[PDB]
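Read through the structure below, which is laid out as structure tokens, and then see the notes.
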Amino acid sequence: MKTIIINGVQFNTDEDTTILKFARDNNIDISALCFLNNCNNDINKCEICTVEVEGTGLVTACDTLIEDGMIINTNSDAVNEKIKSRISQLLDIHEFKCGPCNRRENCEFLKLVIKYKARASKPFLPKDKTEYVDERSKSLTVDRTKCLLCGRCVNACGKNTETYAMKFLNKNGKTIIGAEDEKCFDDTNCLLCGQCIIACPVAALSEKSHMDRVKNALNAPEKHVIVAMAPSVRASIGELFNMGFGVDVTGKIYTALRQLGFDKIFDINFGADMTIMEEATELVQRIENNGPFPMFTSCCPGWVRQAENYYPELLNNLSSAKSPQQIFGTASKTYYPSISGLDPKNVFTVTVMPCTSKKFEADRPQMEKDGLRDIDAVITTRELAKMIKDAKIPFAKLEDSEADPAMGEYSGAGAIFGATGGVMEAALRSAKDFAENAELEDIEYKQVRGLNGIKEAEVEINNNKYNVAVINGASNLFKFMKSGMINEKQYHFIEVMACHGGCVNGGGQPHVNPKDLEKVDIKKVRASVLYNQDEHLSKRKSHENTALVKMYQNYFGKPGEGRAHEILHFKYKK
Ligand code: HC1
Ligand code: SF4
Ligand code: SF4
Ligand code: SF4
Ligand code: SF4
Ligand code: FES
């Protein structure tokens, strides 16, 4: 037993944890900034977590272990003067103009400035902001006028992906963060997954904006603007409207999008059922052809970049089905004109994604046919939240509406796509029906669900056993390969997601305060919205989606053949 006194209050504890962890568990206030993902800024620690341990002096609570007989003061004058000084030094390298800033309503640094009444010794007012901003990437942007050099992005990149594509750099004698050799991130091994943005306390890292594309399209009278959101958006945008976590706001998003002036409200979960139509068909074909095995999913652009940059020999093993976003986009410029009379040229398709890598995918040169882009604009969950707020839409009090059904209906298989294992389960529900020409009632594949780094399961399909694997996060893909786990058995189908937890924890998602992250399992609570929708949907197999069956019946023909093979596919050769 340990006896520790914190602010004159006696505590007896069995545990071996840090002063910060103990404080956060016992309602004692200690501020923190550089500590995230169980690591602080080792080199150049922020010291916002300073507490006083009588006898030792000022220590950083985020990495100092509680000890028997320890007497801590978290709020003495010397502690507060030290913390206020460190925030003041950060204010000296921070362009403190919150009014137009994209983190204005949820900035961790603004909260610390208010809390300690910190003031810069000299206001940082850079005249030329172009020497601090890098907007060269199709997915990420850097604004160094806001960077605290707290290292949270560098640690999050290393942990979540193990690429270390985000680095500390010495530009002209001074420390900055950026890509290798200060290149555009797109030209390096970076996966453009945006986990560095998610880890940033301030507006120093952002998504590459597609808001002007959307604004101009809605204002162009001859353009018919389609919008379709990703699985994960309905499970998370409510967080930015003070609704809490795990709230299903699908119906509110549909109404908000109509109020924003979009001409047709569709859903990328329709595109998810399309990807399963093509990919489950392709899996049954590889089974019949005795290979090539394994087949990997090709729907995560972060993973496609990881395969192109680190494992190019695996590219021919990736599924030729386009991702839900791109397969939806292809059909929006071809099928959707045939059932509406719209000129293909006038259809402008916008998606809402939990992801920054999806902007890169949408802008890949060959993701078009006959000069028409599959996808014209991709805005993140955060960008749509700002669009709703700028338009003064009372999101939390909106009435529910439904999507327009032709490319808006989705099955429960499409609904779970945003969670790790979702694509795998959805694909198996169709591939087993397809391969043994039946309609099976047992459709839940709980063995591929959950937050484990690497998951596997043996599935019997048409009286033969097959091995599937789900790789949860880019660092776990590297582990799977480098450890030789890939060679313990013959894998036949492997799902790979670059973000830990799947797309519900994507790089374009709502930022979450580090205090709420320790209290709430964000990956499980966001994913639960999607599994609950599946549980309550009438159709739970992709091939039973009524709107999709008539789309293939009337326009595409059979999946994986003819017109479907001809335009709904994409294969990478580098
Ligand atoms: O971003 C992201 Fe995702 O694996 C999510 O949510 S799940 Fe997807 O196949 C695609 O495209 C689908 O459907 S990638 C998204 O929209
Ligand atoms: S990053 Fe935070 S403190 Fe800095 S200008 Fe933006 S809102 Fe204000
Ligand atoms: S986008 Fe992903 S891979 Fe690139 S620097 Fe950020 S965390 Fe690292
Ligand atoms: S970009 Fe953000 S997370 Fe990275 S060092 Fe700067 S303030 Fe910290
Ligand atoms: S896991 Fe989803 S959010 Fe993350 S990079 Fe892949 S597609 Fe984007
Ligand atoms: S939060 Fe402890 S040194 Fe930064």
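Ligands are numbered from 1 in the order shown, chains are lettered A, B, ... in the order of the structure tokens, and residues start at 1 in each chain.
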
Within 8 Å of ligand 4, counting only C-alpha atoms and all ligand atoms, residues as a PDB file with C-alpha atoms, in the first residue's frame:
ATOM      1  CA  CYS A  34       2.380  16.906 -25.201  1.00  0.00           C
ATOM      2  CA  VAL A 142       0.417  22.194 -42.656  1.00  0.00           C
ATOM      3  CA  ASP A 143       0.113  25.644 -41.055  1.00  0.00           C
ATOM      4  CA  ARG A 144       3.252  26.189 -39.017  1.00  0.00           C
ATOM      5  CA  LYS A 146      -0.073  27.200 -35.194  1.00  0.00           C
ATOM      6  CA  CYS A 147       2.483  24.447 -34.471  1.00  0.00           C
ATOM      7  CA  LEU A 148       3.460  23.976 -30.869  1.00  0.00           C
ATOM      8  CA  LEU A 149       6.229  21.452 -31.805  1.00  0.00           C
ATOM      9  CA  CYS A 150       4.701  19.137 -29.237  1.00  0.00           C
ATOM     10  CA  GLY A 151       5.593  16.016 -31.265  1.00  0.00           C
ATOM     11  CA  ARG A 152       2.114  14.433 -30.939  1.00  0.00           C
ATOM     12  CA  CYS A 153       1.816  13.998 -34.715  1.00  0.00           C
ATOM     13  CA  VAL A 154       5.289  12.406 -34.977  1.00  0.00           C
ATOM     14  CA  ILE A 176       9.747  22.234 -37.845  1.00  0.00           C
ATOM     15  CA  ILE A 177       7.651  19.137 -38.517  1.00  0.00           C
ATOM     16  CA  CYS A 196      -1.208  13.020 -37.476  1.00  0.00           C
ATOM     17  CA  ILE A 197      -4.141  15.508 -37.859  1.00  0.00           C
ATOM     18  CA  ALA A 199      -3.272  13.760 -32.822  1.00  0.00           C
ATOM     19  CA  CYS A 200      -2.800  17.530 -33.248  1.00  0.00           C
ATOM     20  CA  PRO A 201      -4.079  19.766 -30.375  1.00  0.00           C
ATOM     21  CA  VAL A 202      -4.264  22.832 -32.629  1.00  0.00           C
ATOM     22  CA  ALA A 203      -4.863  23.909 -36.246  1.00  0.00           C
ATOM     23  CA  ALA A 204      -1.274  23.113 -37.355  1.00  0.00           C
ATOM     24  CA  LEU A 205      -2.409  20.093 -39.407  1.00  0.00           C
TER      25      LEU A 205
END

Can you check which parts of chain A lie within 6 Å of ligand 6? Per residue, the shortest pair of atoms and distance in Å to one decimal, counting only C-alpha atoms and all ligand atoms, sorted by chain and number, as a Markdown table.
| residue | atom | partner | partner_atom_place_in_ligand_line | distance |
| --- | --- | --- | --- | --- |
| A:32 | CA | ligand 6 | 1 (S) | 3.9 |
| A:33 | CA | ligand 6 | 1 (S) | 4.4 |
| A:34 | CA | ligand 6 | 4 (Fe) | 3.8 |
| A:35 | CA | ligand 6 | 1 (S) | 4.3 |
| A:40 | CA | ligand 6 | 4 (Fe) | 5.5 |
| A:45 | CA | ligand 6 | 3 (S) | 4.2 |
| A:46 | CA | ligand 6 | 4 (Fe) | 4.0 |
| A:47 | CA | ligand 6 | 3 (S) | 4.0 |
| A:48 | CA | ligand 6 | 1 (S) | 5.4 |
| A:49 | CA | ligand 6 | 2 (Fe) | 4.4 |
| A:60 | CA | ligand 6 | 2 (Fe) | 5.1 |
| A:61 | CA | ligand 6 | 2 (Fe) | 6.0 |
| A:62 | CA | ligand 6 | 2 (Fe) | 4.4 |

I need the chosen residues saved as an mmCIF file, in the first residue's frame, with C-alpha atoms.
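File written: part_16.cif
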data_model
loop_
_atom_site.group_PDB
_atom_site.id
_atom_site.type_symbol
_atom_site.label_atom_id
_atom_site.label_comp_id
_atom_site.auth_asym_id
_atom_site.auth_seq_id
_atom_site.Cartn_x
_atom_site.Cartn_y
_atom_site.Cartn_z
ATOM 1 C CA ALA A 32 -1.323 18.230 -19.991
ATOM 2 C CA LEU A 33 -0.399 18.990 -23.608
ATOM 3 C CA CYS A 34 2.380 16.906 -25.201
ATOM 4 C CA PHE A 35 1.242 13.645 -23.579
ATOM 5 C CA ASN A 40 5.103 12.641 -24.188
ATOM 6 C CA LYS A 45 8.866 18.192 -23.002
ATOM 7 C CA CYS A 46 6.111 20.799 -22.710
ATOM 8 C CA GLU A 47 5.974 20.715 -18.859
ATOM 9 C CA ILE A 48 2.292 21.807 -18.798
ATOM 10 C CA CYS A 49 1.782 18.788 -16.504
ATOM 11 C CA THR A 60 6.283 16.453 -14.973
ATOM 12 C CA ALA A 61 3.259 14.466 -13.772
ATOM 13 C CA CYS A 62 2.708 12.686 -17.116
#

Task: region 487-497 of chain A environment, 8 Å, only C-alpha atoms, sequence neighbours closer than 5 positions dropped, as a PyMOL selection string - done: chain A and resi 283+293-297+300+302-303+420-421+423-424+466-474+477+502-503

Task: Selection: 6 Å around region 122-130 of chain A, only C-alpha atoms, excl. self and same-chain fewer than 5 positions, as a ChimeraX atom specification - done: /A:92-95

Got time to write the residues from that selection, N, CA and C atoms, as a PDB file, in the first residue's frame?
ATOM      1  N   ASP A  92       4.441  32.898 -27.914  1.00  0.00           N
ATOM      2  CA  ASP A  92       5.444  33.608 -28.705  1.00  0.00           C
ATOM      3  C   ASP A  92       5.762  33.020 -30.074  1.00  0.00           C
ATOM      4  N   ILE A  93       5.376  31.769 -30.349  1.00  0.00           N
ATOM      5  CA  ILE A  93       5.535  31.166 -31.668  1.00  0.00           C
ATOM      6  C   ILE A  93       4.156  30.782 -32.227  1.00  0.00           C
ATOM      7  N   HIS A  94       3.067  31.345 -31.678  1.00  0.00           N
ATOM      8  CA  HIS A  94       1.717  31.008 -32.109  1.00  0.00           C
ATOM      9  C   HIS A  94       0.947  32.232 -32.572  1.00  0.00           C
ATOM     10  N   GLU A  95       0.451  32.170 -33.807  1.00  0.00           N
ATOM     11  CA  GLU A  95      -0.373  33.229 -34.357  1.00  0.00           C
ATOM     12  C   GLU A  95      -1.750  32.978 -33.758  1.00  0.00           C
TER      13      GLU A  95
END

Using only C-alpha atoms and all ligand atoms, tabulate the residues of chain A lying at most 7 Å from any atom of ligand 1, each with its closest atom pair and that distance in Å to one decimal, by chain and increasing residue number, as a Markdown table.
| residue | atom | partner | partner_atom_place_in_ligand_line | distance |
| --- | --- | --- | --- | --- |
| A:230 | CA | ligand 1 | 16 (O) | 3.8 |
| A:231 | CA | ligand 1 | 6 (O) | 4.1 |
| A:232 | CA | ligand 1 | 6 (O) | 4.1 |
| A:233 | CA | ligand 1 | 6 (O) | 6.8 |
| A:268 | CA | ligand 1 | 13 (O) | 5.4 |
| A:269 | CA | ligand 1 | 13 (O) | 5.0 |
| A:271 | CA | ligand 1 | 13 (O) | 6.4 |
| A:272 | CA | ligand 1 | 13 (O) | 4.4 |
| A:299 | CA | ligand 1 | 9 (O) | 4.5 |
| A:300 | CA | ligand 1 | 14 (S) | 4.7 |
| A:323 | CA | ligand 1 | 11 (O) | 4.6 |
| A:324 | CA | ligand 1 | 11 (O) | 3.9 |
| A:325 | CA | ligand 1 | 11 (O) | 3.9 |
| A:326 | CA | ligand 1 | 11 (O) | 6.7 |
| A:353 | CA | ligand 1 | 1 (O) | 4.9 |
| A:354 | CA | ligand 1 | 1 (O) | 4.9 |
| A:355 | CA | ligand 1 | 1 (O) | 4.5 |
| A:358 | CA | ligand 1 | 1 (O) | 6.0 |
| A:414 | CA | ligand 1 | 13 (O) | 6.5 |
| A:417 | CA | ligand 1 | 7 (S) | 4.4 |
| A:418 | CA | ligand 1 | 6 (O) | 3.8 |
| A:423 | CA | ligand 1 | 9 (O) | 6.5 |
| A:497 | CA | ligand 1 | 4 (O) | 6.5 |
| A:503 | CA | ligand 1 | 5 (C) | 4.5 |
| A:504 | CA | ligand 1 | 6 (O) | 6.1 |
| A:506 | CA | ligand 1 | 1 (O) | 6.7 |

Output the selection as a PDB file, in the first residue's frame - C-alpha atoms for each residue.
ATOM      1  CA  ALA A 230     -19.510   7.306 -45.827  1.00  0.00           C
ATOM      2  CA  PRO A 231     -20.580   4.650 -43.203  1.00  0.00           C
ATOM      3  CA  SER A 232     -18.694   6.338 -40.377  1.00  0.00           C
ATOM      4  CA  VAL A 233     -20.083   9.910 -40.789  1.00  0.00           C
ATOM      5  CA  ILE A 268     -21.825   5.559 -50.122  1.00  0.00           C
ATOM      6  CA  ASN A 269     -23.223   2.482 -48.273  1.00  0.00           C
ATOM      7  CA  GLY A 271     -21.525   1.899 -53.157  1.00  0.00           C
ATOM      8  CA  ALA A 272     -20.377  -0.501 -50.371  1.00  0.00           C
ATOM      9  CA  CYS A 299     -11.049  -0.068 -50.653  1.00  0.00           C
ATOM     10  CA  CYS A 300      -8.740   1.749 -48.206  1.00  0.00           C
ATOM     11  CA  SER A 323     -13.733   1.236 -53.444  1.00  0.00           C
ATOM     12  CA  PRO A 324     -17.343   2.174 -52.404  1.00  0.00           C
ATOM     13  CA  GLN A 325     -16.506   5.835 -53.100  1.00  0.00           C
ATOM     14  CA  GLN A 326     -15.077   5.258 -56.588  1.00  0.00           C
ATOM     15  CA  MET A 353     -15.666  10.848 -45.783  1.00  0.00           C
ATOM     16  CA  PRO A 354     -14.107  10.148 -42.316  1.00  0.00           C
ATOM     17  CA  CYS A 355     -10.832  10.310 -44.239  1.00  0.00           C
ATOM     18  CA  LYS A 358     -10.029   9.527 -49.931  1.00  0.00           C
ATOM     19  CA  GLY A 414     -22.867  -2.134 -46.326  1.00  0.00           C
ATOM     20  CA  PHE A 417     -18.087  -1.123 -43.550  1.00  0.00           C
ATOM     21  CA  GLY A 418     -16.786   1.686 -41.326  1.00  0.00           C
ATOM     22  CA  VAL A 423     -15.756  -5.318 -45.210  1.00  0.00           C
ATOM     23  CA  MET A 497      -7.489  -0.965 -43.000  1.00  0.00           C
ATOM     24  CA  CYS A 503     -12.735   4.158 -40.802  1.00  0.00           C
ATOM     25  CA  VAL A 504     -14.695   5.185 -37.649  1.00  0.00           C
ATOM     26  CA  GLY A 506     -10.305   7.911 -39.693  1.00  0.00           C
TER      27      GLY A 506
END

Task: Within 9 Å of ligand 2 (only C-alpha atoms and all ligand atoms), residues as JSON, numbers by chain - done: {"A": [91, 94, 95, 96, 97, 98, 99, 100, 101, 102, 103, 104, 105, 106, 107, 108, 109, 110, 111, 112, 113, 145, 146, 147, 201, 202, 203, 204]}

Open item on the list: Could you list, as a PyMOL selection string, all protein and nucleic acid residues with an atom at most 6 Å from ligand 3, counting only C-alpha atoms and all ligand atoms?
Closed with: chain A and resi 157+164-166+190-196

Export of the given selection (N, CA, C and O atoms) as a PDB file, in the first residue's frame:
ATOM      1  N   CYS A 157       2.083   9.107 -35.799  1.00  0.00           N
ATOM      2  CA  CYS A 157       2.435   8.495 -37.071  1.00  0.00           C
ATOM      3  C   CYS A 157       3.245   7.233 -36.836  1.00  0.00           C
ATOM      4  O   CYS A 157       2.913   6.192 -37.393  1.00  0.00           O
ATOM      5  N   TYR A 164       6.816   6.417 -40.016  1.00  0.00           N
ATOM      6  CA  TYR A 164       7.529   7.610 -39.568  1.00  0.00           C
ATOM      7  C   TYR A 164       7.620   8.651 -40.683  1.00  0.00           C
ATOM      8  O   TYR A 164       8.626   9.337 -40.876  1.00  0.00           O
ATOM      9  N   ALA A 165       6.528   8.761 -41.446  1.00  0.00           N
ATOM     10  CA  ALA A 165       6.447   9.717 -42.538  1.00  0.00           C
ATOM     11  C   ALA A 165       6.356  11.152 -42.034  1.00  0.00           C
ATOM     12  O   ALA A 165       6.644  12.088 -42.772  1.00  0.00           O
ATOM     13  N   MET A 166       5.935  11.346 -40.776  1.00  0.00           N
ATOM     14  CA  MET A 166       5.938  12.662 -40.156  1.00  0.00           C
ATOM     15  C   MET A 166       7.222  12.743 -39.339  1.00  0.00           C
ATOM     16  O   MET A 166       7.491  11.901 -38.482  1.00  0.00           O
ATOM     17  N   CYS A 190       4.365   8.350 -47.033  1.00  0.00           N
ATOM     18  CA  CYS A 190       3.149   8.710 -46.310  1.00  0.00           C
ATOM     19  C   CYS A 190       1.908   8.086 -46.936  1.00  0.00           C
ATOM     20  O   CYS A 190       1.768   8.031 -48.154  1.00  0.00           O
ATOM     21  N   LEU A 191       1.042   7.567 -46.074  1.00  0.00           N
ATOM     22  CA  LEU A 191      -0.188   6.898 -46.476  1.00  0.00           C
ATOM     23  C   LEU A 191      -1.374   7.836 -46.625  1.00  0.00           C
ATOM     24  O   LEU A 191      -2.437   7.434 -47.096  1.00  0.00           O
ATOM     25  N   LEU A 192      -1.173   9.098 -46.194  1.00  0.00           N
ATOM     26  CA  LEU A 192      -2.148  10.190 -46.214  1.00  0.00           C
ATOM     27  C   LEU A 192      -3.429   9.889 -45.449  1.00  0.00           C
ATOM     28  O   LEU A 192      -4.512  10.411 -45.724  1.00  0.00           O
ATOM     29  N   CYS A 193      -3.235   9.048 -44.420  1.00  0.00           N
ATOM     30  CA  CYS A 193      -4.284   8.584 -43.529  1.00  0.00           C
ATOM     31  C   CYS A 193      -4.765   9.644 -42.540  1.00  0.00           C
ATOM     32  O   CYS A 193      -5.804   9.468 -41.913  1.00  0.00           O
ATOM     33  N   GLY A 194      -4.012  10.731 -42.334  1.00  0.00           N
ATOM     34  CA  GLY A 194      -4.417  11.817 -41.451  1.00  0.00           C
ATOM     35  C   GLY A 194      -4.411  11.521 -39.962  1.00  0.00           C
ATOM     36  O   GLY A 194      -5.007  12.288 -39.207  1.00  0.00           O
ATOM     37  N   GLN A 195      -3.771  10.448 -39.478  1.00  0.00           N
ATOM     38  CA  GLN A 195      -3.716  10.195 -38.038  1.00  0.00           C
ATOM     39  C   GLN A 195      -2.878  11.234 -37.303  1.00  0.00           C
ATOM     40  O   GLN A 195      -3.064  11.473 -36.115  1.00  0.00           O
ATOM     41  N   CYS A 196      -1.969  11.903 -38.021  1.00  0.00           N
ATOM     42  CA  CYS A 196      -1.208  13.020 -37.476  1.00  0.00           C
ATOM     43  C   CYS A 196      -2.117  14.225 -37.197  1.00  0.00           C
ATOM     44  O   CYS A 196      -1.924  14.922 -36.205  1.00  0.00           O
TER      45      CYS A 196
END

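CA of residue 259 (chain A) is found 8.9 Å from CA of residue 391 (chain A).
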
- [ ] Kindly give the distance, in Å, that separates CA of residue 481 (chain A) and CA of residue 179 (chain A), rounded to a single decimal.
- [x]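 Computing it gives 24.7 Å between the two atoms.
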
TODO: Can you pull out every residue within 12 Å of residue 257 (chain A), counting only C-alpha atoms, but drop anything in the same chain fewer than 2 positions away, and send it as a PyMOL selection string?
DONE: chain A and resi 218+225-229+250-255+259-267+350-352+384-385+387-388+391+393+395+398+400-404

Task: A:21, A:211, A:308, A:131 ranked by distance to residue 571 (chain A), top pick (using only C-alpha atoms) - done: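 Nearest to residue 571 (chain A): A:308.
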
Open item on the list: Applying 10 Å and only C-alpha atoms, which residues near residue 431 (chain A) remain after dropping the ones on its own chain fewer than 4 positions away? List them as a PyMOL selection string.
Closed with: chain A and resi 276-277+279-285+425-427+435-437+461-462+543

TODO: Please measure the separation of atom 6 (Fe, counted along the ligand's line) of ligand 5 and CA of residue 498 (chain A), giving the value in Å to one decimal.
DONE: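 Between these atoms lies a distance of 4.7 Å.
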
Task: Those of region 162-267 of chain A in DSSP helix (DSSP H, G or I), formatted as a PyMOL selection string - done: chain A and resi 180-182+185-187+195-198+211-219+231-235+237-241+250-259

Resulting file, chosen residues, N, CA and C atoms, as a JSON list (two decimals), in the first residue's frame:
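Once written, part_10.json looks like this:
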[["chain", "number", "residue", "atom", "x", "y", "z"],
["A", 180, "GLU", "N", 9.48, 13.77, -45.14],
["A", 180, "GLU", "CA", 10.90, 13.55, -45.40],
["A", 180, "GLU", "C", 11.42, 14.54, -46.43],
["A", 181, "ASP", "N", 12.54, 15.18, -46.04],
["A", 181, "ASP", "CA", 13.25, 16.18, -46.83],
["A", 181, "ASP", "C", 12.41, 17.40, -47.17],
["A", 182, "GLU", "N", 11.38, 17.62, -46.34],
["A", 182, "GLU", "CA", 10.37, 18.65, -46.49],
["A", 182, "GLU", "C", 9.67, 18.63, -47.85],
["A", 185, "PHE", "N", 3.95, 15.65, -48.85],
["A", 185, "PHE", "CA", 3.68, 14.35, -48.25],
["A", 185, "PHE", "C", 3.33, 13.25, -49.24],
["A", 186, "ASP", "N", 2.62, 13.63, -50.31],
["A", 186, "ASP", "CA", 2.22, 12.73, -51.38],
["A", 186, "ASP", "C", 3.38, 12.09, -52.12],
["A", 187, "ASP", "N", 4.52, 12.78, -52.15],
["A", 187, "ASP", "CA", 5.70, 12.28, -52.82],
["A", 187, "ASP", "C", 6.63, 11.45, -51.94],
["A", 195, "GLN", "N", -3.77, 10.45, -39.48],
["A", 195, "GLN", "CA", -3.72, 10.20, -38.04],
["A", 195, "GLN", "C", -2.88, 11.23, -37.30],
["A", 196, "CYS", "N", -1.97, 11.90, -38.02],
["A", 196, "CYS", "CA", -1.21, 13.02, -37.48],
["A", 196, "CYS", "C", -2.12, 14.23, -37.20],
["A", 197, "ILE", "N", -3.13, 14.47, -38.05],
["A", 197, "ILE", "CA", -4.14, 15.51, -37.86],
["A", 197, "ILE", "C", -4.93, 15.17, -36.60],
["A", 198, "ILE", "N", -5.42, 13.93, -36.47],
["A", 198, "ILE", "CA", -6.19, 13.51, -35.30],
["A", 198, "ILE", "C", -5.43, 13.73, -33.99],
["A", 211, "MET", "N", -13.81, 22.40, -49.99],
["A", 211, "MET", "CA", -14.97, 23.26, -49.80],
["A", 211, "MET", "C", -15.24, 24.22, -50.93],
["A", 212, "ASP", "N", -14.20, 24.76, -51.60],
["A", 212, "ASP", "CA", -14.44, 25.64, -52.73],
["A", 212, "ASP", "C", -15.00, 24.87, -53.91],
["A", 213, "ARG", "N", -14.62, 23.59, -54.09],
["A", 213, "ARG", "CA", -15.19, 22.75, -55.14],
["A", 213, "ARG", "C", -16.69, 22.58, -54.93],
["A", 214, "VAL", "N", -17.08, 22.34, -53.68],
["A", 214, "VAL", "CA", -18.47, 22.12, -53.31],
["A", 214, "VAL", "C", -19.27, 23.41, -53.44],
["A", 215, "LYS", "N", -18.73, 24.52, -52.92],
["A", 215, "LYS", "CA", -19.37, 25.83, -52.98],
["A", 215, "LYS", "C", -19.66, 26.26, -54.41],
["A", 216, "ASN", "N", -18.65, 26.14, -55.27],
["A", 216, "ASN", "CA", -18.78, 26.53, -56.66],
["A", 216, "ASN", "C", -19.75, 25.64, -57.42],
["A", 217, "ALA", "N", -19.79, 24.33, -57.13],
["A", 217, "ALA", "CA", -20.73, 23.42, -57.78],
["A", 217, "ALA", "C", -22.17, 23.70, -57.42],
["A", 218, "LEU", "N", -22.45, 23.98, -56.14],
["A", 218, "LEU", "CA", -23.79, 24.31, -55.66],
["A", 218, "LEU", "C", -24.25, 25.64, -56.25],
["A", 219, "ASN", "N", -23.31, 26.56, -56.50],
["A", 219, "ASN", "CA", -23.63, 27.84, -57.11],
["A", 219, "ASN", "C", -23.72, 27.84, -58.63],
["A", 231, "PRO", "N", -20.09, 5.33, -44.41],
["A", 231, "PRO", "CA", -20.58, 4.65, -43.20],
["A", 231, "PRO", "C", -20.37, 5.38, -41.88],
["A", 232, "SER", "N", -19.12, 5.75, -41.63],
["A", 232, "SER", "CA", -18.69, 6.34, -40.38],
["A", 232, "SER", "C", -19.21, 7.73, -40.02],
["A", 233, "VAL", "N", -19.62, 8.54, -41.01],
["A", 233, "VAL", "CA", -20.08, 9.91, -40.79],
["A", 233, "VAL", "C", -21.34, 9.95, -39.92],
["A", 234, "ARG", "N", -22.27, 9.01, -40.12],
["A", 234, "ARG", "CA", -23.50, 8.98, -39.34],
["A", 234, "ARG", "C", -23.31, 8.57, -37.88],
["A", 235, "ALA", "N", -22.14, 7.99, -37.60],
["A", 235, "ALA", "CA", -21.77, 7.53, -36.27],
["A", 235, "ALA", "C", -20.88, 8.51, -35.50],
["A", 237, "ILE", "N", -20.49, 12.62, -36.67],
["A", 237, "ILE", "CA", -20.59, 14.07, -36.84],
["A", 237, "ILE", "C", -21.37, 14.79, -35.74],
["A", 238, "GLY", "N", -22.27, 14.06, -35.05],
["A", 238, "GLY", "CA", -23.05, 14.57, -33.93],
["A", 238, "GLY", "C", -22.16, 15.03, -32.78],
["A", 239, "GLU", "N", -20.96, 14.45, -32.67],
["A", 239, "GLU", "CA", -19.97, 14.87, -31.68],
["A", 239, "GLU", "C", -19.60, 16.35, -31.81],
["A", 240, "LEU", "N", -19.60, 16.90, -33.03],
["A", 240, "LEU", "CA", -19.30, 18.30, -33.24],
["A", 240, "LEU", "C", -20.47, 19.25, -33.03],
["A", 241, "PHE", "N", -21.63, 18.69, -32.68],
["A", 241, "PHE", "CA", -22.83, 19.46, -32.39],
["A", 241, "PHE", "C", -23.33, 19.23, -30.96],
["A", 250, "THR", "N", -28.01, 9.68, -38.76],
["A", 250, "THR", "CA", -28.23, 9.45, -40.20],
["A", 250, "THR", "C", -29.34, 10.31, -40.80],
["A", 251, "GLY", "N", -30.50, 10.32, -40.13],
["A", 251, "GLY", "CA", -31.67, 11.07, -40.57],
["A", 251, "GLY", "C", -31.47, 12.58, -40.53],
["A", 252, "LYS", "N", -30.78, 13.07, -39.49],
["A", 252, "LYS", "CA", -30.46, 14.49, -39.38],
["A", 252, "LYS", "C", -29.50, 14.93, -40.47],
["A", 253, "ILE", "N", -28.51, 14.10, -40.82],
["A", 253, "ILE", "CA", -27.57, 14.41, -41.89],
["A", 253, "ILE", "C", -28.31, 14.52, -43.22],
["A", 254, "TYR", "N", -29.27, 13.62, -43.49],
["A", 254, "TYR", "CA", -30.06, 13.70, -44.71],
["A", 254, "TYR", "C", -30.82, 15.02, -44.84],
["A", 255, "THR", "N", -31.41, 15.50, -43.74],
["A", 255, "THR", "CA", -32.13, 16.77, -43.73],
["A", 255, "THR", "C", -31.19, 17.95, -43.89],
["A", 256, "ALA", "N", -30.05, 17.95, -43.17],
["A", 256, "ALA", "CA", -29.05, 19.00, -43.27],
["A", 256, "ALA", "C", -28.51, 19.16, -44.68],
["A", 257, "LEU", "N", -28.22, 18.04, -45.36],
["A", 257, "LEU", "CA", -27.75, 18.06, -46.73],
["A", 257, "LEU", "C", -28.80, 18.61, -47.69],
["A", 258, "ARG", "N", -30.09, 18.30, -47.51],
["A", 258, "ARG", "CA", -31.14, 18.90, -48.34],
["A", 258, "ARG", "C", -31.20, 20.41, -48.11],
["A", 259, "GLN", "N", -31.11, 20.83, -46.84],
["A", 259, "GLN", "CA", -31.08, 22.24, -46.49],
["A", 259, "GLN", "C", -29.85, 22.98, -47.03]]

Open item on the list: Taking 4 positions as the minimum chain separation for residues in the same chain, which residues sit within 8 Å of region 564-568 of chain A when counting only C-alpha atoms? Answer as an NGL selection string.
Closed with: :A and (278 or 321-322 or 327 or 330-331 or 556-560)

TODO: If you run DSSP over the backbone, which residues in region 123-348 of chain A end up strand (DSSP E or B)? Put them as a PyMOL selection string.
DONE: chain A and resi 133-134+140-143+167-171+174-178+205-207+224-229+264-267+295-296+318+321+347-348

- [ ] Identify which of the residues A:445, A:360, A:434, A:478 lies closest to residue 307 (chain A), counting only C-alpha atoms when measuring atom-to-atom distances.
- [x] A:478
